[PDB]
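Enquirer: To start, I am sharing the structure in question, which I have written as structure tokens.
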Amino acid sequence: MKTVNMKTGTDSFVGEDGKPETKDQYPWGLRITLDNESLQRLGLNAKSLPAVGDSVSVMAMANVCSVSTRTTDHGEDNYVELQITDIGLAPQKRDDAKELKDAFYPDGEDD
Amino acid sequence: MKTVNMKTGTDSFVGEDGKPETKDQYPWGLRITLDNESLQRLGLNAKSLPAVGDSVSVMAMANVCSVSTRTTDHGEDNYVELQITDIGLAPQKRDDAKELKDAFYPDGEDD
Amino acid sequence: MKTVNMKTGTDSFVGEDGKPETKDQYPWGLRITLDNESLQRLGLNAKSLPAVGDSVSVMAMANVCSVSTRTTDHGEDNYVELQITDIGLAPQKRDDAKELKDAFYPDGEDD
Amino acid sequence: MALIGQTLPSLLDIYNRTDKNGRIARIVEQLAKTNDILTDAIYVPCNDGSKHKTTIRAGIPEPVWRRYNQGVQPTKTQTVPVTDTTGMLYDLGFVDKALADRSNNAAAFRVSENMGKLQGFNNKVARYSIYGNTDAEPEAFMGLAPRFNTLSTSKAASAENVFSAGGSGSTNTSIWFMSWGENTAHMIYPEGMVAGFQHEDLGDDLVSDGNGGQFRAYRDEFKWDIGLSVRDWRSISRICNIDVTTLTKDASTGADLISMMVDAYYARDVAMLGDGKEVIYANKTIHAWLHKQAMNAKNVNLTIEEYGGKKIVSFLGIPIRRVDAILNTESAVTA
Amino acid sequence: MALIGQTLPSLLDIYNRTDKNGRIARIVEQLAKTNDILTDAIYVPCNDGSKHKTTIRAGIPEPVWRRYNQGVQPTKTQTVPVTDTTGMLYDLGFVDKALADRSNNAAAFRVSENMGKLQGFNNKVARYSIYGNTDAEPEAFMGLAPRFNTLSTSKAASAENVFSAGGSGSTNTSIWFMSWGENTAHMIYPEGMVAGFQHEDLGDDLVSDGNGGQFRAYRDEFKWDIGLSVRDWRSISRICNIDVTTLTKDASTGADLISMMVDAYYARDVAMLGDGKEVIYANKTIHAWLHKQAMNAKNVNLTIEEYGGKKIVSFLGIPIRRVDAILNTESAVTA
Amino acid sequence: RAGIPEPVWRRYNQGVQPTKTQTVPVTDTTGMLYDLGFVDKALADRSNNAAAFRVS
Amino acid sequence: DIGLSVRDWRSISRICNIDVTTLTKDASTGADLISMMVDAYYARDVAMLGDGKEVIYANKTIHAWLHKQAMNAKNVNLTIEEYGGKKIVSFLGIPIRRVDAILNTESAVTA
């Protein structure tokens with residue numbers, strides 16, 4: 001789980017942006033209840049951060065965000081209210097690490 | 001008849017072989033009973049000969065091969081034990097000819 | 001299985017022509033469908049290769065091909081189109097051994 | 001003329017099919033402005049789902065006289081299989097299920113398309129009944145090619161002409177003599193055009209999509225499958241010739257003879273004793289010309305035929321049919 | 001010239017399965033090389049639409065000694081939710097309506113297809129029942145991995161062994177045993193395989209994208225959804241064992257032995273009573289080896305006439321069955 | 001039968017490729033043996049009762 | 001006339017050995033004995049269900065050899081009074097038969 005929305009890879013090179021990728025994520029709605037997800041395999045070192053966003057098609061407002069350090073396998077949780085588009089995730093920043101990326105949708109926790 | 005496997009043409013030019021391209025004819029099996037085929041139409045000049053080989057996914061191991069001389073329209077027959085990859089055919093050789101190779105599967109024959 | 005035709009010894013001897021033997025495979029017909037046979041076992045030295053041939057009872061036309069390497073036990077397969085007389089096997093060549101057996105068609109399988 | 005090749009019968013058909021202000025949709029019916037040819041022939045199922053693996057005989061001597069009480073020495077006979085296989089062809093038809101309903105009826109589109117597309121299909125099957133060997137398969141007939149023997153066996157079907165122009169893009173044709181009884185083999189799964197079948201219901205789909213998932217439609221598919229056989233070879237006989245130039249030279253006189261037609265009725269005959277149908281094949285331009293050279297003077301068309309009914313064919317008294325074997329081939333099969 | 005690693009049944013299959021002297025099927029049928037496994041489990045649907053919650057608790061501390069007047073303070077026991085996810089998996093087959101009918105009758109053909117697909121399916125499901133969990137979901141097991149406790153809960157449920165190597169992952173297999181009733185959860189439809197359906201329509205053909213397609217076929221598929229439960233971390237047992245050096249040395253000798261066979265059994269009961277059945281799992285090889293080594297115990301045995309001990313299905317007794325593990329994994333045990 | 005792979009998990013849409021199963025024949029031949037028997041029709045009756053003889 | 005049938009191979013189970021001398025050291029002792037029989041037994045079953053029964057073959061000599069070696073293994077064995085064991089014809093308790101196998105195949109397991 002699941003196609004629509006997005007899958008890995010994205011990915012992560014020695015230096016990457018993060019605004020990509022995958023629309024459809026759709027531009028109308030609100031929300032107040034349940035879940036989301038995000039993880040993957042082999043990190044390398046230090047600085048990283050996901051994010052979100054919303055509008056129609058492009059720019060440029062709002063956030064929720066998160067931050068992590070290096071480890072292999074992780075996760076935070078679900079979103080809040082939104083304008084409506086979620087270009088998210090929007091990773092960053094440094095390191096090297098070609099490592100695949102991530103995905104989202106229902107979970108699914110550890111035993 | 002039929003798609004998967006081989007199709008014409010290659011087209012066996014001046015100076016090269018025709019090991020290309022089929023990837024893959026799969027890599028597990030053995031073979032001893034039924035038939036195959038190979039022929040085409042216009043040639044140009046002199047000695048040509050096909051062959052076959054196989055390995056695990058790439059190259060290179062044993063062979064079987066055959067020999068023929070100049071004429072238009074032909075055909076020989078089958079194969080003995082092989083692992084599985086069959087990069088064949090592998091035609092040759094010299095003079096100056098630039099047209100059309102063959103394909104394999106059921107008869108065939110004449111009337 | 002069976003007599004008509006041939007038998008071992010042929011036997012190529014040291015390193016000979018291989019024309020053997022006599023009686024009989026007869027010279028009028030045509031063939032394209034079924035099976036053949038050829039194999040053996042106890043050898044000693046070096047490079048081998050058989051052949052076929054035909055015309056009118058003697059000389060000197062047509063072949064198919066075949067080639068083997070150093071082992072003790074082998075066998076390939078069949079023919080396709082023939083005139084009609086089918087002398088051969090015509091093995092060869094270098095080094096010696098002796099007692100090197102053969103025995104030439106038809107029926108017979110393995111496994 | 002540029003964008004695609006007009007994929008789908010769109011509106012133009014429904015306003016040209018038509019009702020024209022009926023009464024019922026599809027004013028029964030329409031005619032086909034295409035040449036036609038007799039097939040005809042006969043069908044059999046064949047072992048084993050492919051090829052057919054035949055027989056022949058080839059050399060069976062020899063009885064000896066009984067001198068004294070000596071009957072020494074036996075003898076026996078050999079054989080060898082032969083035959084070839086077939087080749088498949090099938091096509092599908094589409095319309096818009098919502099538009100089969102002005103006025104409401106399927107019999108219009110379904111039956112009309114079945115009959116007409118049957119005509120076109122048959123046009124192609126006759127198109128390749130005379131050619132085809134080294135291609136995407138079915139089937140075979142050119143195997144009478146060589147002009148002398150020992151490279152094959154010619155002779156008995158190789159009465160030939162003396163010229164056969166083949167300079168550039170030319171030409172020549174041929175005429176044929178055969179028998180049937182030497183069937184056409186179809187795999188044990190029936191021979192008819194069937195189709196006949198409509199696994200229709202839904203649709204699915206357009207040109208992907210166009211980003212648009214298409215809609216309900218009407219599908220059908222057609223399927224046809226045959227394959228000639230030569231139970232023997234000693235039966236057919238053709239000639240290369242001519243072409244139109246040297247036959248124009250004869251009002252009825254001498255440049256290219258008309259005699260060899262008798263050869264065709266005589267190089268044949270071998271059993272066959274019986275047997276069934278038999279026939280003679282010309283195209284169309286050759287037919288009327290044959291008459292022009294025959295009934296103006298020397299020869300005599302012996303009879304005419306009130307045949308079967310059906311109609312008239314004449315001489316002798318074996319029916320002659322009309323084919324689309326066209327007017328231009330090459331040389332090669334000359335002899 | 002062909003380009004691709006063959007999806008769909010090329011004629012090679014229909015000619016290997018084949019039909020000679022007729023016929024219908026293969027003399028019931030074709031057999032052989034696929035290993036066998038158990039499980040053979042218990043299944044349950046789980047509230048709600050996924051997950052399954054449940055709770056367990058994390059310590060219940062702590063009362064303190066009252067000193068006649070003062071120290072008490074309210075005390076509070078806590079808990080935590082738990083249960084996990086699952087996922088579906090499936091394939092589907094295709095034929096060509098034509099080729100499956102040449103030769104005739106596809107019923108036997110398709111039946112062969114579904115039986116083979118079944119055996120491979122179960123093979124895969126047991127293959128991933130024990131390993132995985134770090135990829136694109138379903139599901140999870142291995143999560144007993146770490147060797148010692150305090151970094152996790154492991155410990156008592158792991159029983160464990162010694163040896164292997166820290167710089168060489170070769171090889172030594174492993175043995176499990178646990179009790180059923182700590183179920184396997186499934187979403188609201190039947191249990192396993194269930195396929196079990198039929199379709200006959202049109203392609204679905206040539207990819208990318210794919211300059212057309214369109215042909216009729218005869219096809220279907222087999223789906224499966226499952227998801228194990230943990231319900232409780234206990235009533236489960238892991239080992240590290242040999243390796244084949246000592247595994248051969250243990251003919252009757254005692255350096256690196258089978259003793260853990262008892263320890264694990266005794267590492268269970270609280271309770272936590274639940275519920276009805278228990279079973280021990282082996283990977284073959286260790287099965288027979290355990291038999292052969294257990295025959296020669298200098299102590300409890302003596303048999304009658306005669307050896308060799310009528311399998312193992314007891315001890316003690318809790319019947320044991322056989323599954324397919326593997327002969328190479330990793331260390332991670334006792335400490 | 002030759003090999004039996006493989007299924008892959010669905011992600012509520014992601015289904016893509018079908019799979020198949022294959023096989024391969026093998027077989028081998030047979031053989032026969034037989035000589036024959038003879039007696040001298042006269043000696044079989046000398047002394048009488050040849051049925052026991054041919055039974056031996 | 002005859003010809004065996006593989007049909008399905010997994011029913012077969014074969015053992016190389018000995019040569020009677022290694023079985024002299026185990027006359028009653030337990031170093032290299034014959035108990036690998038058990039191994040062979042547990043190397044067959046899938047199933048592969050069928051076909052109704054099984055049977056194990058001996059060459060004479062090795063039969064009795066197995067008897068005398070078996071009645072005295074350092075392990076289980078009760079045998080009140082007295083020996084030498086109610087025939088054998090068991091294990092377990094699949095009946096054994098006796099064959100006329102040659103007493104010399106040399107090694108020929110791996111050349």
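Residue numbering restarts at 1 in every chain; chains get A, B, ... in the order shown in the structure tokens, and ligands count up from 1 in that same order.
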Quick one: which residues from chain B are at most 8 Å off chain F, using only C-alpha atoms, as a PDB file with N, CA, C and O atoms, in the first residue's frame?

Expert:
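So part_7.pdb came out as:
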ATOM      1  N   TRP B  28      16.613 -21.293 -17.589  1.00  0.00           N
ATOM      2  CA  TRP B  28      16.609 -22.639 -17.011  1.00  0.00           C
ATOM      3  C   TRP B  28      15.879 -23.605 -17.933  1.00  0.00           C
ATOM      4  O   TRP B  28      14.707 -23.389 -18.250  1.00  0.00           O
ATOM      5  N   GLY B  29      16.558 -24.670 -18.344  1.00  0.00           N
ATOM      6  CA  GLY B  29      15.908 -25.738 -19.081  1.00  0.00           C
ATOM      7  C   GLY B  29      16.913 -26.649 -19.752  1.00  0.00           C
ATOM      8  O   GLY B  29      18.130 -26.477 -19.631  1.00  0.00           O
ATOM      9  N   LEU B  30      16.364 -27.651 -20.444  1.00  0.00           N
ATOM     10  CA  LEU B  30      17.103 -28.521 -21.356  1.00  0.00           C
ATOM     11  C   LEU B  30      16.159 -28.886 -22.497  1.00  0.00           C
ATOM     12  O   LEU B  30      14.957 -28.631 -22.427  1.00  0.00           O
ATOM     13  N   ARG B  31      16.705 -29.504 -23.550  1.00  0.00           N
ATOM     14  CA  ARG B  31      15.972 -29.607 -24.814  1.00  0.00           C
ATOM     15  C   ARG B  31      16.355 -30.869 -25.576  1.00  0.00           C
ATOM     16  O   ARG B  31      17.501 -30.995 -26.019  1.00  0.00           O
ATOM     17  N   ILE B  32      15.396 -31.789 -25.754  1.00  0.00           N
ATOM     18  CA  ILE B  32      15.568 -32.931 -26.657  1.00  0.00           C
ATOM     19  C   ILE B  32      14.236 -33.558 -27.077  1.00  0.00           C
ATOM     20  O   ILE B  32      13.764 -34.500 -26.433  1.00  0.00           O
ATOM     21  N   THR B  33      13.630 -33.047 -28.160  1.00  0.00           N
ATOM     22  CA  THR B  33      12.565 -33.746 -28.892  1.00  0.00           C
ATOM     23  C   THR B  33      12.157 -33.029 -30.178  1.00  0.00           C
ATOM     24  O   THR B  33      12.375 -33.543 -31.280  1.00  0.00           O
TER      25      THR B  33
END

Enquirer: Got a sec to pull out which chain D residues are within 8 Å of chain E, counting only C-alpha atoms, and send them as a list in words?

Expert: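 Every residue meeting the condition is included here: residues 48, 49, 50, 187, 188, 189 and 199 of chain D.
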
Enquirer: When you get a sec, could you note down which chain B residues fall within 7 Å of chain E, using only C-alpha atoms, as a count of residues only?

Expert: 13

Enquirer: Looking at only C-alpha atoms, which of E:92, E:43, E:261, E:164 is the one that sits closest to residue F:16?

Expert: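 Nearest candidate to residue F:16 out of E:92, E:43, E:261, E:164: E:92.
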
Enquirer: Between A:47, A:41, A:2, A:19, single out the one closest to residue A:96, counting only C-alpha atoms.

Expert: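 Result for the nearest residue to residue A:96: A:47.
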
Enquirer: Check the DSSP output for the backbone and give back, as a list in words, the residues of stretch 19-234 of chain D in strand (DSSP E or B).

Expert: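 Filtering stretch 19-234 of chain D down to strand (DSSP E or B) leaves residues 43, 44, 45, 87, 88, 89, 90, 91, 94, 95, 101, 104, 158, 174, 175, 176, 177, 178, 184, 185, 186, 218, 219, 222, 223, 224, 225, 226 and 228 of chain D.
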
Enquirer: At a cut-off of 6 Å, which residues of chain E touch chain G? Count only C-alpha atoms and give the answer as a CSV table (one decimal) with N, CA and C atoms, in the first residue's frame.

Expert:
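Written output follows (part-v6.csv):
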chain,number,residue,atom,x,y,z
E,36,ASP,N,8.0,-29.4,0.1
E,36,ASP,CA,6.7,-29.5,0.8
E,36,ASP,C,6.9,-28.7,2.2
E,288,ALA,N,16.0,-35.7,10.2
E,288,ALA,CA,16.7,-37.0,10.1
E,288,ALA,C,17.9,-37.0,11.0
E,296,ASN,N,21.1,-43.2,19.6
E,296,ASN,CA,22.3,-43.7,20.3
E,296,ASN,C,22.5,-43.1,21.7
E,301,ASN,N,16.3,-45.6,26.5
E,301,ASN,CA,16.0,-46.2,25.2
E,301,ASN,C,15.9,-47.8,25.4
E,302,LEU,N,16.9,-48.5,24.9
E,302,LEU,CA,17.0,-49.9,25.0
E,302,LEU,C,16.1,-50.7,24.1
E,303,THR,N,15.0,-50.0,23.6
E,303,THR,CA,14.0,-50.5,22.6
E,303,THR,C,13.6,-51.9,22.9
E,304,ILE,N,13.2,-52.6,21.8
E,304,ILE,CA,12.9,-54.0,21.8
E,304,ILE,C,13.5,-54.5,20.4

Enquirer: What lies within 9 Å of stretch 140-155 of chain D using only C-alpha atoms, ignoring chain neighbours under 5 positions off, as a ChimeraX atom specification?

Expert: /B:110-111 /D:84,128-134,160,227-228,238,267,332-335

Enquirer: How close does chain B get to chain C? List, as CSV, each residue of chain B within 9 Å, its nearest atom pair and the distance in Å to one decimal, counting only C-alpha atoms.

Expert:
residue,atom,partner,partner_atom,distance
B:64,CA,C:66,CA,8.1
B:65,CA,C:66,CA,8.4
B:66,CA,C:65,CA,6.5
B:67,CA,C:65,CA,7.2
B:68,CA,C:64,CA,8.5
B:75,CA,C:80,CA,8.1
B:76,CA,C:80,CA,5.4
B:77,CA,C:80,CA,5.8
B:78,CA,C:78,CA,7.4
B:79,CA,C:77,CA,6.9
B:80,CA,C:76,CA,5.4
B:81,CA,C:76,CA,7.7
B:109,CA,C:32,CA,8.1

Enquirer: What lies within 12 Å of residue D:114 using only C-alpha atoms, ignoring chain neighbours under 4 positions off, as a list in words?

Expert: residues 91, 92, 93, 106, 107, 108, 109, 110, 118, 119, 120, 121, 122, 193, 194, 195, 196, 197, 198, 220, 221, 222 and 223 of chain D

Enquirer: From the list E:34, E:171, E:55, E:229, which residue is nearest chain F when using only C-alpha atoms?

Expert: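 The answer is E:34, which sits nearest to chain F.
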
Enquirer: For the structure I just gave you, how does DSSP split chain G - specifically, which residues are helix (DSSP H, G or I)? Reply as a count of residues only.

Expert: 19

Enquirer: Given a cut-off of 7 Å, which residues of chain G touch chain F, counting only C-alpha atoms, written out as an NGL selection string?

Expert: :G and (1-3)

Enquirer: Keeping only N, CA and C atoms, take the residues you just selected and write them out as a PDB file, in the first residue's frame.

Expert:
ATOM      1  N   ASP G   1      10.437 -58.779 -23.326  1.00  0.00           N
ATOM      2  CA  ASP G   1      10.967 -57.440 -23.520  1.00  0.00           C
ATOM      3  C   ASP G   1      10.587 -56.597 -22.314  1.00  0.00           C
ATOM      4  N   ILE G   2      11.448 -55.640 -21.966  1.00  0.00           N
ATOM      5  CA  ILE G   2      11.222 -54.773 -20.813  1.00  0.00           C
ATOM      6  C   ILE G   2      11.928 -53.437 -21.018  1.00  0.00           C
ATOM      7  N   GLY G   3      11.684 -52.531 -20.077  1.00  0.00           N
ATOM      8  CA  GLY G   3      12.264 -51.209 -20.027  1.00  0.00           C
ATOM      9  C   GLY G   3      11.756 -50.531 -18.773  1.00  0.00           C
TER      10      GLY G   3
END

Enquirer: What's around residue B:71 at 9 Å? Count only C-alpha atoms, leave out sequence neighbours fewer than 2 positions away in its own chain, and write the answer as a ChimeraX atom specification.

Expert: /B:42-46,68-69,73-74

Enquirer: Can you spit out the residues from that selection as a compact mmCIF listing (two decimals), in the first residue's frame, using N, CA and C atoms?

Expert:
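Generated output (again-v4.txt):
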# COMPACT_ATOMS: atom_id res chain seq x y z
N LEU B 42 16.91 -13.33 -50.30
CA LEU B 42 17.99 -12.85 -51.15
C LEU B 42 19.30 -12.80 -50.38
N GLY B 43 20.35 -13.37 -50.99
CA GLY B 43 21.70 -13.20 -50.56
C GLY B 43 22.52 -12.42 -51.56
N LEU B 44 23.84 -12.55 -51.46
CA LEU B 44 24.71 -11.89 -52.42
C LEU B 44 25.85 -12.80 -52.86
N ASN B 45 26.77 -13.12 -51.96
CA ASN B 45 28.01 -13.78 -52.38
C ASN B 45 28.54 -14.71 -51.30
N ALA B 46 28.62 -15.99 -51.64
CA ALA B 46 29.53 -16.96 -51.02
C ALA B 46 29.16 -17.46 -49.63
N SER B 68 27.32 -23.77 -44.40
CA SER B 68 26.65 -23.79 -45.69
C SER B 68 27.42 -22.88 -46.65
N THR B 69 27.05 -22.96 -47.92
CA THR B 69 27.62 -22.10 -48.94
C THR B 69 26.52 -21.28 -49.61
N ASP B 73 17.54 -19.57 -50.17
CA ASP B 73 16.57 -20.46 -49.52
C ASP B 73 17.20 -21.78 -49.10
N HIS B 74 17.02 -22.16 -47.83
CA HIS B 74 17.59 -23.39 -47.29
C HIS B 74 16.88 -23.85 -46.02
